[PDB]
>>> print(open('start-v7.json').read())   # JSON, C-alpha atoms
[["chain", "number", "residue", "atom", "x", "y", "z"],
["A", 1, "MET", "CA", 0.00, 0.00, 0.00],
["A", 2, "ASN", "CA", 1.38, 3.41, -1.13],
["A", 3, "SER", "CA", -1.57, 5.17, 0.58],
["A", 4, "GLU", "CA", 0.54, 7.91, 2.31],
["A", 5, "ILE", "CA", 1.82, 8.82, -1.22],
["A", 6, "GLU", "CA", -1.79, 9.05, -2.57],
["A", 7, "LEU", "CA", -3.01, 11.20, 0.42],
["A", 8, "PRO", "CA", -0.90, 14.39, -0.56],
["A", 9, "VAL", "CA", -1.50, 14.31, -4.33],
["A", 10, "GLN", "CA", -5.30, 13.61, -3.98],
["A", 11, "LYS", "CA", -5.95, 16.47, -1.48],
["A", 12, "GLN", "CA", -3.72, 18.89, -3.45],
["A", 13, "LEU", "CA", -5.28, 18.15, -6.89],
["A", 14, "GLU", "CA", -8.77, 18.81, -5.40],
["A", 15, "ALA", "CA", -7.37, 21.94, -3.63],
["A", 16, "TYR", "CA", -5.79, 23.14, -6.97],
["A", 17, "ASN", "CA", -9.24, 23.74, -8.55],
["A", 18, "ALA", "CA", -11.10, 24.18, -5.15],
["A", 19, "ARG", "CA", -8.76, 27.15, -4.30],
["A", 20, "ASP", "CA", -7.43, 25.86, -0.92],
["A", 21, "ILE", "CA", -3.68, 26.81, -0.65],
["A", 22, "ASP", "CA", -3.50, 25.65, 3.04],
["A", 23, "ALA", "CA", -4.13, 21.96, 2.01],
["A", 24, "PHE", "CA", -2.30, 22.57, -1.32],
["A", 25, "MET", "CA", 0.75, 23.44, 0.93],
["A", 26, "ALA", "CA", 0.06, 21.12, 3.94],
["A", 27, "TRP", "CA", 1.07, 17.81, 2.38],
["A", 28, "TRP", "CA", 4.44, 19.19, 1.09],
["A", 29, "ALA", "CA", 7.80, 19.23, 2.96],
["A", 30, "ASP", "CA", 9.04, 22.58, 4.43],
["A", 31, "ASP", "CA", 12.28, 22.18, 2.37],
["A", 32, "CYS", "CA", 10.39, 20.72, -0.68],
["A", 33, "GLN", "CA", 12.01, 21.33, -4.11],
["A", 34, "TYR", "CA", 9.93, 22.48, -7.12],
["A", 35, "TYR", "CA", 11.26, 22.28, -10.72],
["A", 36, "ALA", "CA", 9.77, 23.43, -14.06],
["A", 37, "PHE", "CA", 10.07, 21.70, -17.51],
["A", 38, "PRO", "CA", 12.71, 20.33, -18.08],
["A", 39, "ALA", "CA", 14.63, 20.71, -14.70],
["A", 40, "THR", "CA", 14.61, 24.36, -13.46],
["A", 41, "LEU", "CA", 14.42, 24.86, -9.64],
["A", 42, "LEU", "CA", 11.72, 27.56, -9.06],
["A", 43, "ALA", "CA", 11.45, 26.86, -5.29],
["A", 44, "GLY", "CA", 14.00, 25.35, -2.82],
["A", 45, "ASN", "CA", 11.37, 25.18, 0.01],
["A", 46, "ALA", "CA", 7.55, 25.16, 0.61],
["A", 47, "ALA", "CA", 7.15, 28.96, 1.12],
["A", 48, "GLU", "CA", 8.17, 29.75, -2.49],
["A", 49, "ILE", "CA", 6.04, 26.83, -3.89],
["A", 50, "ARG", "CA", 2.75, 28.12, -2.38],
["A", 51, "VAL", "CA", 3.30, 31.82, -3.43],
["A", 52, "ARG", "CA", 4.12, 30.73, -7.03],
["A", 53, "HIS", "CA", 0.76, 28.85, -7.16],
["A", 54, "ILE", "CA", -1.22, 31.64, -5.31],
["A", 55, "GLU", "CA", -0.41, 33.86, -8.35],
["A", 56, "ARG", "CA", -1.94, 31.08, -10.54],
["A", 57, "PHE", "CA", -5.02, 30.91, -8.15],
["A", 58, "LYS", "CA", -5.72, 34.65, -8.97],
["A", 59, "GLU", "CA", -7.07, 33.45, -12.37],
["A", 60, "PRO", "CA", -10.92, 32.88, -11.93],
["A", 61, "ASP", "CA", -10.57, 30.72, -15.10],
["A", 62, "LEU", "CA", -7.97, 28.40, -13.39],
["A", 63, "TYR", "CA", -9.30, 24.80, -13.40],
["A", 64, "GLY", "CA", -7.19, 21.60, -13.22],
["A", 65, "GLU", "CA", -9.31, 18.84, -14.83],
["A", 66, "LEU", "CA", -7.56, 15.52, -14.08],
["A", 67, "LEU", "CA", -7.49, 12.91, -16.88],
["A", 68, "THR", "CA", -5.19, 10.21, -15.49],
["A", 69, "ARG", "CA", -3.08, 9.58, -12.35],
["A", 70, "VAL", "CA", -0.51, 6.74, -11.88],
["A", 71, "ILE", "CA", 1.63, 5.90, -8.79],
["A", 72, "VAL", "CA", 5.05, 4.13, -8.89],
["A", 73, "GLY", "CA", 6.12, 3.53, -5.24],
["A", 74, "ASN", "CA", 6.89, 6.94, -3.62],
["A", 75, "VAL", "CA", 6.16, 8.80, -6.92],
["A", 76, "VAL", "CA", 2.81, 9.99, -8.46],
["A", 77, "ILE", "CA", 2.08, 11.34, -12.00],
["A", 78, "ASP", "CA", -0.99, 13.64, -11.86],
["A", 79, "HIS", "CA", -1.82, 14.28, -15.53],
["A", 80, "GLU", "CA", -4.39, 17.12, -15.69],
["A", 81, "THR", "CA", -5.54, 19.83, -18.16],
["A", 82, "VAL", "CA", -5.10, 23.38, -16.81],
["A", 83, "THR", "CA", -7.89, 25.60, -18.20],
["A", 84, "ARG", "CA", -6.35, 29.09, -18.68],
["A", 85, "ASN", "CA", -7.20, 32.13, -20.93],
["A", 86, "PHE", "CA", -5.18, 32.26, -24.22],
["A", 87, "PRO", "CA", -5.69, 35.13, -26.83],
["A", 88, "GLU", "CA", -6.51, 32.52, -29.58],
["A", 89, "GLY", "CA", -9.40, 31.02, -27.46],
["A", 90, "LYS", "CA", -9.76, 28.59, -24.49],
["A", 91, "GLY", "CA", -6.17, 28.07, -23.16],
["A", 92, "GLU", "CA", -6.29, 24.48, -21.86],
["A", 93, "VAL", "CA", -2.78, 22.94, -21.39],
["A", 94, "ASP", "CA", -2.31, 19.20, -20.73],
["A", 95, "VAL", "CA", 0.44, 18.93, -18.04],
["A", 96, "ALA", "CA", 2.04, 15.97, -16.18],
["A", 97, "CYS", "CA", 2.85, 17.11, -12.61],
["A", 98, "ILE", "CA", 5.11, 14.43, -11.05],
["A", 99, "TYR", "CA", 5.66, 14.31, -7.23],
["A", 100, "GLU", "CA", 8.03, 12.50, -4.85],
["A", 101, "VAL", "CA", 6.77, 11.84, -1.29],
["A", 102, "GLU", "CA", 9.36, 11.13, 1.47],
["A", 103, "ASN", "CA", 8.48, 10.80, 5.23],
["A", 104, "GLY", "CA", 4.76, 11.26, 4.27],
["A", 105, "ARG", "CA", 5.36, 14.77, 2.77],
["A", 106, "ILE", "CA", 6.30, 15.75, -0.81],
["A", 107, "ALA", "CA", 10.12, 15.98, -0.70],
["A", 108, "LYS", "CA", 10.41, 17.07, -4.38],
["A", 109, "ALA", "CA", 7.96, 17.96, -7.19],
["A", 110, "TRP", "CA", 8.46, 18.59, -10.91],
["A", 111, "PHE", "CA", 6.02, 19.43, -13.75],
["A", 112, "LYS", "CA", 6.21, 19.17, -17.55],
["A", 113, "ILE", "CA", 3.64, 20.92, -19.82],
["A", 114, "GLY", "CA", 2.67, 18.74, -22.80],
["A", 115, "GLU", "CA", 1.24, 21.29, -25.28],
["A", 116, "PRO", "CA", -1.18, 24.31, -25.59],
["A", 117, "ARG", "CA", -4.78, 23.44, -26.78],
["A", 118, "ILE", "CA", -7.98, 25.38, -27.73],
["A", 119, "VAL", "CA", -11.67, 24.15, -27.93],
["A", 120, "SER", "CA", -12.12, 25.80, -31.40],
["A", 121, "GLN", "CA", -9.07, 23.78, -32.72],
["A", 122, "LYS", "CA", -9.96, 20.51, -30.82],
["A", 123, "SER", "CA", -12.83, 17.92, -31.04]]
>>> encode(input="start-v7.json", output="structure tokens")
Amino acid sequence: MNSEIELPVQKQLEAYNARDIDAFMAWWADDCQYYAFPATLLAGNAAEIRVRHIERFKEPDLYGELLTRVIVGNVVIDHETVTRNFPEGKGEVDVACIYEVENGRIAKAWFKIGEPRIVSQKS
């Protein structure tokens, strides 16, 4: 059972669209690392991680619609589609946010954005 690895990523994914930064920060480590595609350290601790996302939570159009989630031991891939506002239309970007949970808290987290998509250009 990798239940204590599922507990962070479940509560945070819900909190991402539900606009709860307290739970979206809770299940992380205080020294948690946060990289951007490919491997660019945005945050070397929890305090910088939350603030970075709070800026994203200012968008009323922010919605993470999960498609698929897989878990390999202490690691989870949450593959969601972030609804944004792009000047060509919708603005929905299919991202794979990968996490690493150590001692019950996310020790490290990385994300890679797949592509930009639009409803007018998609079935």
>>> closest_residue(input="start-v7.json", among="A:98, A:18, A:71, A:109", to="residue 44 (chain A)", atoms="all atoms listed in the file")
A:109
>>> closest_residue(input="start-v7.json", among="A:16, A:27, A:57, A:86", to="residue 4 (chain A)", atoms="all atoms listed in the file")
A:27
>>> closest_residue(input="start-v7.json", among="A:122, A:88, A:112, A:99", to="residue 33 (chain A)", atoms="only C-alpha atoms")
A:99
>>> closest_residue(input="start-v7.json", among="A:75, A:1, A:49, A:119", to="residue 89 (chain A)", atoms="only C-alpha atoms")
A:119
>>> atom_distance(input="start-v7.json", atom1="CA of residue 28 (chain A)", atom2="CA of residue 42 (chain A)")
15.0 Å
>>> residues_around(input="start-v7.json", residues="residue 29 (chain A)", least_positions_apart="4", cutoff="8 Å", atoms="all atoms listed in the file", output="list in words")
residues 45, 46, 105, 106 and 107 of chain A
>>> atom_distance(input="start-v7.json", atom1="CA of residue 100 (chain A)", atom2="CA of residue 11 (chain A)")
14.9 Å
>>> atom_distance(input="start-v7.json", atom1="CA of residue 36 (chain A)", atom2="CA of residue 78 (chain A)")
14.7 Å
>>> residues_around(input="start-v7.json", residues="residue 117 (chain A)", least_positions_apart="5", cutoff="9 Å", atoms="all atoms listed in the file", output="list in words")
residues 89, 90, 91, 92, 93, 94 and 122 of chain A
>>> write_last_selection(input="start-v7.json", atoms="C-alpha atoms", output="PDB file, in the coordinates of the input")
ATOM      1  CA  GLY A  89      -9.400  31.020 -27.460  1.00  0.00           C
ATOM      2  CA  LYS A  90      -9.760  28.590 -24.490  1.00  0.00           C
ATOM      3  CA  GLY A  91      -6.170  28.070 -23.160  1.00  0.00           C
ATOM      4  CA  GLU A  92      -6.290  24.480 -21.860  1.00  0.00           C
ATOM      5  CA  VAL A  93      -2.780  22.940 -21.390  1.00  0.00           C
ATOM      6  CA  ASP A  94      -2.310  19.200 -20.730  1.00  0.00           C
ATOM      7  CA  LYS A 122      -9.960  20.510 -30.820  1.00  0.00           C
TER       8      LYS A 122
END
>>> residues_around(input="start-v7.json", residues="residue 59 (chain A)", least_positions_apart="2", cutoff="12 Å", atoms="all atoms listed in the file", output="list in words")
residues 16, 17, 19, 53, 54, 55, 56, 57, 61, 62, 63, 64, 82, 83, 84 and 85 of chain A
>>> closest_residue(input="start-v7.json", among="A:40, A:111, A:103, A:13", to="residue 67 (chain A)", atoms="only C-alpha atoms")
A:13
>>> closest_residue(input="start-v7.json", among="A:110, A:50, A:116, A:6", to="residue 20 (chain A)", atoms="all atoms listed in the file")
A:50
>>> decode(input="start-v7.json", residues="chain A", atoms="C-alpha atoms", output="PDB file, in the first residue's frame")
ATOM      1  CA  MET A   1       0.000   0.000   0.000  1.00  0.00           C
ATOM      2  CA  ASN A   2       1.384   3.410  -1.128  1.00  0.00           C
ATOM      3  CA  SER A   3      -1.568   5.166   0.585  1.00  0.00           C
ATOM      4  CA  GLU A   4       0.539   7.911   2.307  1.00  0.00           C
ATOM      5  CA  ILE A   5       1.824   8.825  -1.219  1.00  0.00           C
ATOM      6  CA  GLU A   6      -1.786   9.046  -2.571  1.00  0.00           C
ATOM      7  CA  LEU A   7      -3.007  11.203   0.418  1.00  0.00           C
ATOM      8  CA  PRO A   8      -0.896  14.392  -0.561  1.00  0.00           C
ATOM      9  CA  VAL A   9      -1.499  14.305  -4.332  1.00  0.00           C
ATOM     10  CA  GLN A  10      -5.300  13.614  -3.977  1.00  0.00           C
ATOM     11  CA  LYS A  11      -5.954  16.473  -1.477  1.00  0.00           C
ATOM     12  CA  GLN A  12      -3.717  18.893  -3.446  1.00  0.00           C
ATOM     13  CA  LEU A  13      -5.283  18.149  -6.893  1.00  0.00           C
ATOM     14  CA  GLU A  14      -8.769  18.812  -5.399  1.00  0.00           C
ATOM     15  CA  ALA A  15      -7.373  21.943  -3.627  1.00  0.00           C
ATOM     16  CA  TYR A  16      -5.793  23.144  -6.967  1.00  0.00           C
ATOM     17  CA  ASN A  17      -9.243  23.743  -8.552  1.00  0.00           C
ATOM     18  CA  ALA A  18     -11.097  24.178  -5.150  1.00  0.00           C
ATOM     19  CA  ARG A  19      -8.759  27.147  -4.302  1.00  0.00           C
ATOM     20  CA  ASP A  20      -7.430  25.855  -0.916  1.00  0.00           C
ATOM     21  CA  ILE A  21      -3.679  26.808  -0.651  1.00  0.00           C
ATOM     22  CA  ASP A  22      -3.498  25.651   3.043  1.00  0.00           C
ATOM     23  CA  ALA A  23      -4.134  21.964   2.009  1.00  0.00           C
ATOM     24  CA  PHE A  24      -2.303  22.566  -1.316  1.00  0.00           C
ATOM     25  CA  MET A  25       0.754  23.443   0.928  1.00  0.00           C
ATOM     26  CA  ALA A  26       0.064  21.119   3.941  1.00  0.00           C
ATOM     27  CA  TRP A  27       1.070  17.809   2.381  1.00  0.00           C
ATOM     28  CA  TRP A  28       4.444  19.193   1.092  1.00  0.00           C
ATOM     29  CA  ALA A  29       7.799  19.230   2.960  1.00  0.00           C
ATOM     30  CA  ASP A  30       9.041  22.583   4.432  1.00  0.00           C
ATOM     31  CA  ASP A  31      12.281  22.179   2.374  1.00  0.00           C
ATOM     32  CA  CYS A  32      10.393  20.721  -0.684  1.00  0.00           C
ATOM     33  CA  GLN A  33      12.012  21.334  -4.109  1.00  0.00           C
ATOM     34  CA  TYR A  34       9.927  22.483  -7.117  1.00  0.00           C
ATOM     35  CA  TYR A  35      11.256  22.280 -10.720  1.00  0.00           C
ATOM     36  CA  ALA A  36       9.768  23.427 -14.064  1.00  0.00           C
ATOM     37  CA  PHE A  37      10.070  21.701 -17.509  1.00  0.00           C
ATOM     38  CA  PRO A  38      12.713  20.333 -18.085  1.00  0.00           C
ATOM     39  CA  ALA A  39      14.628  20.715 -14.702  1.00  0.00           C
ATOM     40  CA  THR A  40      14.609  24.361 -13.459  1.00  0.00           C
ATOM     41  CA  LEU A  41      14.417  24.861  -9.639  1.00  0.00           C
ATOM     42  CA  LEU A  42      11.723  27.562  -9.061  1.00  0.00           C
ATOM     43  CA  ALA A  43      11.449  26.861  -5.286  1.00  0.00           C
ATOM     44  CA  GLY A  44      13.996  25.348  -2.823  1.00  0.00           C
ATOM     45  CA  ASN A  45      11.371  25.181   0.010  1.00  0.00           C
ATOM     46  CA  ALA A  46       7.549  25.155   0.607  1.00  0.00           C
ATOM     47  CA  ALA A  47       7.154  28.958   1.124  1.00  0.00           C
ATOM     48  CA  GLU A  48       8.175  29.752  -2.485  1.00  0.00           C
ATOM     49  CA  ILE A  49       6.041  26.830  -3.895  1.00  0.00           C
ATOM     50  CA  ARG A  50       2.749  28.119  -2.378  1.00  0.00           C
ATOM     51  CA  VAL A  51       3.296  31.819  -3.426  1.00  0.00           C
ATOM     52  CA  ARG A  52       4.116  30.728  -7.030  1.00  0.00           C
ATOM     53  CA  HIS A  53       0.761  28.850  -7.156  1.00  0.00           C
ATOM     54  CA  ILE A  54      -1.215  31.638  -5.313  1.00  0.00           C
ATOM     55  CA  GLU A  55      -0.405  33.861  -8.347  1.00  0.00           C
ATOM     56  CA  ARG A  56      -1.944  31.083 -10.541  1.00  0.00           C
ATOM     57  CA  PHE A  57      -5.018  30.908  -8.151  1.00  0.00           C
ATOM     58  CA  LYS A  58      -5.722  34.652  -8.966  1.00  0.00           C
ATOM     59  CA  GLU A  59      -7.072  33.452 -12.368  1.00  0.00           C
ATOM     60  CA  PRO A  60     -10.916  32.877 -11.927  1.00  0.00           C
ATOM     61  CA  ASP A  61     -10.573  30.716 -15.096  1.00  0.00           C
ATOM     62  CA  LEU A  62      -7.975  28.402 -13.394  1.00  0.00           C
ATOM     63  CA  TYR A  63      -9.297  24.801 -13.396  1.00  0.00           C
ATOM     64  CA  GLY A  64      -7.193  21.598 -13.216  1.00  0.00           C
ATOM     65  CA  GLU A  65      -9.310  18.842 -14.831  1.00  0.00           C
ATOM     66  CA  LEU A  66      -7.556  15.522 -14.081  1.00  0.00           C
ATOM     67  CA  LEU A  67      -7.490  12.908 -16.875  1.00  0.00           C
ATOM     68  CA  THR A  68      -5.187  10.212 -15.490  1.00  0.00           C
ATOM     69  CA  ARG A  69      -3.079   9.575 -12.350  1.00  0.00           C
ATOM     70  CA  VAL A  70      -0.511   6.740 -11.879  1.00  0.00           C
ATOM     71  CA  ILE A  71       1.626   5.898  -8.795  1.00  0.00           C
ATOM     72  CA  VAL A  72       5.050   4.135  -8.889  1.00  0.00           C
ATOM     73  CA  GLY A  73       6.121   3.527  -5.243  1.00  0.00           C
ATOM     74  CA  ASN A  74       6.888   6.943  -3.616  1.00  0.00           C
ATOM     75  CA  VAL A  75       6.160   8.796  -6.922  1.00  0.00           C
ATOM     76  CA  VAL A  76       2.807   9.992  -8.464  1.00  0.00           C
ATOM     77  CA  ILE A  77       2.084  11.335 -11.996  1.00  0.00           C
ATOM     78  CA  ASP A  78      -0.994  13.639 -11.860  1.00  0.00           C
ATOM     79  CA  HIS A  79      -1.815  14.281 -15.534  1.00  0.00           C
ATOM     80  CA  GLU A  80      -4.390  17.119 -15.694  1.00  0.00           C
ATOM     81  CA  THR A  81      -5.542  19.827 -18.161  1.00  0.00           C
ATOM     82  CA  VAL A  82      -5.099  23.383 -16.806  1.00  0.00           C
ATOM     83  CA  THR A  83      -7.893  25.599 -18.200  1.00  0.00           C
ATOM     84  CA  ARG A  84      -6.354  29.094 -18.685  1.00  0.00           C
ATOM     85  CA  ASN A  85      -7.198  32.126 -20.935  1.00  0.00           C
ATOM     86  CA  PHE A  86      -5.175  32.260 -24.220  1.00  0.00           C
ATOM     87  CA  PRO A  87      -5.688  35.134 -26.828  1.00  0.00           C
ATOM     88  CA  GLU A  88      -6.512  32.516 -29.578  1.00  0.00           C
ATOM     89  CA  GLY A  89      -9.397  31.022 -27.464  1.00  0.00           C
ATOM     90  CA  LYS A  90      -9.759  28.586 -24.491  1.00  0.00           C
ATOM     91  CA  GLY A  91      -6.171  28.068 -23.158  1.00  0.00           C
ATOM     92  CA  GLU A  92      -6.289  24.478 -21.859  1.00  0.00           C
ATOM     93  CA  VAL A  93      -2.783  22.940 -21.392  1.00  0.00           C
ATOM     94  CA  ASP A  94      -2.306  19.196 -20.732  1.00  0.00           C
ATOM     95  CA  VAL A  95       0.439  18.932 -18.040  1.00  0.00           C
ATOM     96  CA  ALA A  96       2.036  15.971 -16.182  1.00  0.00           C
ATOM     97  CA  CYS A  97       2.852  17.115 -12.613  1.00  0.00           C
ATOM     98  CA  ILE A  98       5.109  14.433 -11.054  1.00  0.00           C
ATOM     99  CA  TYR A  99       5.657  14.313  -7.233  1.00  0.00           C
ATOM    100  CA  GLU A 100       8.032  12.504  -4.850  1.00  0.00           C
ATOM    101  CA  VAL A 101       6.770  11.844  -1.288  1.00  0.00           C
ATOM    102  CA  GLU A 102       9.360  11.128   1.469  1.00  0.00           C
ATOM    103  CA  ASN A 103       8.484  10.796   5.226  1.00  0.00           C
ATOM    104  CA  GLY A 104       4.757  11.262   4.271  1.00  0.00           C
ATOM    105  CA  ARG A 105       5.360  14.771   2.773  1.00  0.00           C
ATOM    106  CA  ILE A 106       6.297  15.748  -0.810  1.00  0.00           C
ATOM    107  CA  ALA A 107      10.122  15.979  -0.704  1.00  0.00           C
ATOM    108  CA  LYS A 108      10.409  17.075  -4.383  1.00  0.00           C
ATOM    109  CA  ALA A 109       7.961  17.957  -7.191  1.00  0.00           C
ATOM    110  CA  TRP A 110       8.463  18.591 -10.910  1.00  0.00           C
ATOM    111  CA  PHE A 111       6.016  19.434 -13.750  1.00  0.00           C
ATOM    112  CA  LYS A 112       6.206  19.174 -17.555  1.00  0.00           C
ATOM    113  CA  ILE A 113       3.637  20.917 -19.817  1.00  0.00           C
ATOM    114  CA  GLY A 114       2.674  18.745 -22.797  1.00  0.00           C
ATOM    115  CA  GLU A 115       1.243  21.287 -25.280  1.00  0.00           C
ATOM    116  CA  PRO A 116      -1.177  24.308 -25.589  1.00  0.00           C
ATOM    117  CA  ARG A 117      -4.781  23.441 -26.778  1.00  0.00           C
ATOM    118  CA  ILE A 118      -7.977  25.375 -27.733  1.00  0.00           C
ATOM    119  CA  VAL A 119     -11.665  24.154 -27.930  1.00  0.00           C
ATOM    120  CA  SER A 120     -12.115  25.799 -31.405  1.00  0.00           C
ATOM    121  CA  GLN A 121      -9.067  23.781 -32.717  1.00  0.00           C
ATOM    122  CA  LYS A 122      -9.963  20.511 -30.820  1.00  0.00           C
ATOM    123  CA  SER A 123     -12.825  17.916 -31.039  1.00  0.00           C
TER     124      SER A 123
END
